[PDB]
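Visitor: Contents of run_26.cif (mmCIF, N, CA and C atoms):
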```cif
data_data
#
loop_
_atom_site.label_atom_id
_atom_site.label_comp_id
_atom_site.auth_asym_id
_atom_site.auth_seq_id
_atom_site.Cartn_x
_atom_site.Cartn_y
_atom_site.Cartn_z
N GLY A 1 15.23 -14.40 15.29
CA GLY A 1 15.00 -13.03 14.67
C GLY A 1 16.15 -12.08 14.55
N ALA A 2 15.88 -10.81 14.48
CA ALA A 2 16.98 -9.82 14.36
C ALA A 2 16.58 -8.52 15.05
N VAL A 3 16.72 -8.45 16.35
CA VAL A 3 16.34 -7.21 17.08
C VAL A 3 17.55 -6.68 17.85
N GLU A 4 17.95 -7.38 18.88
CA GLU A 4 19.12 -6.92 19.68
C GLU A 4 20.40 -7.11 18.86
N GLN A 5 20.71 -6.19 17.98
CA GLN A 5 21.95 -6.33 17.17
C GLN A 5 22.32 -4.99 16.53
N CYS A 6 22.57 -3.99 17.33
CA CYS A 6 22.95 -2.65 16.78
C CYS A 6 22.71 -1.58 17.85
N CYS A 7 21.71 -1.77 18.67
CA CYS A 7 21.40 -0.74 19.71
C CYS A 7 22.38 -0.86 20.89
N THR A 8 23.46 -1.57 20.71
CA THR A 8 24.47 -1.70 21.79
C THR A 8 25.84 -1.38 21.18
N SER A 9 25.84 -0.69 20.07
CA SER A 9 27.10 -0.33 19.38
C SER A 9 26.70 0.11 17.97
N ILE A 10 27.45 -0.26 16.97
CA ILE A 10 27.03 0.15 15.60
C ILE A 10 27.43 -0.92 14.59
N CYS A 11 26.46 -1.54 13.98
CA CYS A 11 26.77 -2.59 12.97
C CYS A 11 27.17 -1.90 11.66
N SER A 12 26.71 -2.38 10.54
CA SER A 12 27.08 -1.73 9.26
C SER A 12 25.81 -1.50 8.44
N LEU A 13 25.37 -0.27 8.32
CA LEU A 13 24.14 0.03 7.53
C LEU A 13 24.08 -0.88 6.30
N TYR A 14 25.22 -1.27 5.78
CA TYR A 14 25.21 -2.17 4.59
C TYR A 14 24.49 -3.46 4.96
N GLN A 15 25.05 -4.26 5.83
CA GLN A 15 24.36 -5.52 6.23
C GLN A 15 22.91 -5.18 6.56
N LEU A 16 22.68 -3.97 6.96
CA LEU A 16 21.30 -3.53 7.30
C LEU A 16 20.45 -3.57 6.03
N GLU A 17 21.03 -3.25 4.91
CA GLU A 17 20.27 -3.30 3.63
C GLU A 17 19.94 -4.76 3.33
N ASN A 18 20.74 -5.65 3.85
CA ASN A 18 20.48 -7.10 3.62
C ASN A 18 19.41 -7.57 4.60
N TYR A 19 18.87 -6.68 5.38
CA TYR A 19 17.80 -7.07 6.33
C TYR A 19 16.46 -6.73 5.68
N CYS A 20 16.50 -6.09 4.54
CA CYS A 20 15.27 -5.72 3.82
C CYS A 20 14.68 -6.97 3.17
N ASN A 21 13.81 -6.78 2.22
CA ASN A 21 13.19 -7.94 1.53
C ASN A 21 14.26 -8.72 0.77
N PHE B 1 29.90 5.81 7.50
CA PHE B 1 28.43 5.95 7.68
C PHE B 1 28.14 6.44 9.10
N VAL B 2 26.97 6.98 9.33
CA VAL B 2 26.64 7.47 10.70
C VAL B 2 25.38 6.77 11.21
N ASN B 3 25.37 6.43 12.47
CA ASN B 3 24.18 5.74 13.05
C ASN B 3 24.43 5.53 14.54
N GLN B 4 23.44 5.74 15.36
CA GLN B 4 23.64 5.56 16.82
C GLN B 4 22.58 4.63 17.41
N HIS B 5 22.95 3.42 17.70
CA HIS B 5 21.99 2.45 18.30
C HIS B 5 20.87 2.09 17.31
N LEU B 6 20.75 0.83 16.98
CA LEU B 6 19.68 0.38 16.04
C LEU B 6 19.07 -0.92 16.56
N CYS B 7 17.85 -0.86 17.03
CA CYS B 7 17.18 -2.10 17.52
C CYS B 7 15.71 -2.08 17.09
N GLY B 8 15.25 -3.16 16.51
CA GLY B 8 13.82 -3.26 16.06
C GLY B 8 13.25 -1.88 15.68
N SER B 9 12.66 -1.18 16.62
CA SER B 9 12.07 0.16 16.31
C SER B 9 13.07 1.01 15.51
N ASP B 10 14.23 1.25 16.06
CA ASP B 10 15.23 2.08 15.33
C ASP B 10 15.80 1.31 14.14
N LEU B 11 15.80 0.00 14.20
CA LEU B 11 16.34 -0.78 13.05
C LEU B 11 15.32 -0.80 11.92
N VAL B 12 14.07 -0.63 12.24
CA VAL B 12 13.03 -0.65 11.17
C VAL B 12 13.01 0.71 10.46
N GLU B 13 12.94 1.76 11.21
CA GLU B 13 12.91 3.12 10.59
C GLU B 13 14.19 3.32 9.79
N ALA B 14 15.31 2.85 10.28
CA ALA B 14 16.57 3.00 9.52
C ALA B 14 16.55 1.98 8.39
N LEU B 15 16.06 0.80 8.68
CA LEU B 15 15.98 -0.24 7.63
C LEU B 15 15.31 0.36 6.40
N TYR B 16 14.16 0.95 6.59
CA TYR B 16 13.43 1.57 5.44
C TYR B 16 14.30 2.68 4.85
N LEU B 17 14.94 3.46 5.68
CA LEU B 17 15.84 4.52 5.15
C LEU B 17 16.96 3.81 4.41
N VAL B 18 17.20 2.61 4.83
CA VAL B 18 18.24 1.75 4.23
C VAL B 18 17.65 1.06 3.00
N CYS B 19 16.59 0.35 3.22
CA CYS B 19 15.89 -0.39 2.14
C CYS B 19 15.39 0.60 1.08
N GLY B 20 15.34 1.86 1.41
CA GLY B 20 14.84 2.86 0.42
C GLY B 20 13.37 2.58 0.12
N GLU B 21 13.10 1.71 -0.81
CA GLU B 21 11.68 1.39 -1.16
C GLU B 21 11.43 -0.11 -0.97
N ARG B 22 12.47 -0.90 -0.94
CA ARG B 22 12.28 -2.36 -0.76
C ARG B 22 11.76 -2.64 0.65
N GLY B 23 10.82 -3.54 0.77
CA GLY B 23 10.27 -3.86 2.12
C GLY B 23 11.31 -4.62 2.95
N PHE B 24 10.95 -5.05 4.13
CA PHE B 24 11.92 -5.81 4.98
C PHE B 24 11.20 -6.95 5.68
N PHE B 25 11.85 -7.59 6.61
CA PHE B 25 11.21 -8.71 7.35
C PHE B 25 11.49 -8.54 8.84
N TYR B 26 10.55 -8.01 9.58
CA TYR B 26 10.76 -7.82 11.04
C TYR B 26 9.87 -8.78 11.83
N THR B 27 8.59 -8.75 11.60
CA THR B 27 7.68 -9.66 12.35
C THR B 27 6.68 -10.31 11.39
N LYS B 28 6.09 -11.41 11.79
CA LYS B 28 5.10 -12.09 10.91
C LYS B 28 3.74 -12.13 11.61
N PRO B 29 2.69 -12.11 10.82
CA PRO B 29 1.31 -12.13 11.33
C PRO B 29 0.92 -13.54 11.76
N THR B 30 -0.33 -13.75 12.08
CA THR B 30 -0.77 -15.11 12.52
C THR B 30 -2.26 -15.07 12.86
#
```
Take the structure I supplied and represent it as structure tokens, if you would.

Guide:
Amino acid sequence: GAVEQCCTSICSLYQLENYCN
Amino acid sequence: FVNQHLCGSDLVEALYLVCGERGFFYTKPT
């Protein structure tokens, strides 16, 4: 899955958009 | 960009703020 990957620093809201549908 | 800690709960609310209107994939039913 994709849970523990940002709450321990800061990823890139961009790749975050790739977490959508 | 600005963001402080993102995990499931915070990654979903931001995901939607991110996804704008597009849905996402966090958990599946059964």

Visitor: Which residues would end up in the selection if the PyMOL selection byres ((chain B and name CA) within 6 of (chain A and name CA)) were applied here, given that I need the answer as a list in words?

Guide: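 When the PyMOL selection byres ((chain B and name CA) within 6 of (chain A and name CA)) is applied to the shown file, the picked residues are residues 5, 6, 7, 8, 18, 19, 23 and 24 of chain B.
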
Visitor: Using CA of residue 29 (chain B) and atom C of residue 10 (chain B) as the two end points, give the distance in Å to one decimal.

Guide: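 Atom C of residue 10 (chain B) lies 20.0 Å from CA of residue 29 (chain B).
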
Visitor: Just how far from CA of residue 15 (chain B) is CA of residue 2 (chain B), in Å to one decimal?

Guide: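 Rounded to one decimal, the two atoms are 13.5 Å apart.
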
Visitor: State, in Å with one decimal place, the distance from atom C of residue 9 (chain B) to CA of residue 21 (chain B).

Guide: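 Between atom C of residue 9 (chain B) and CA of residue 21 (chain B) the gap works out to 16.7 Å.
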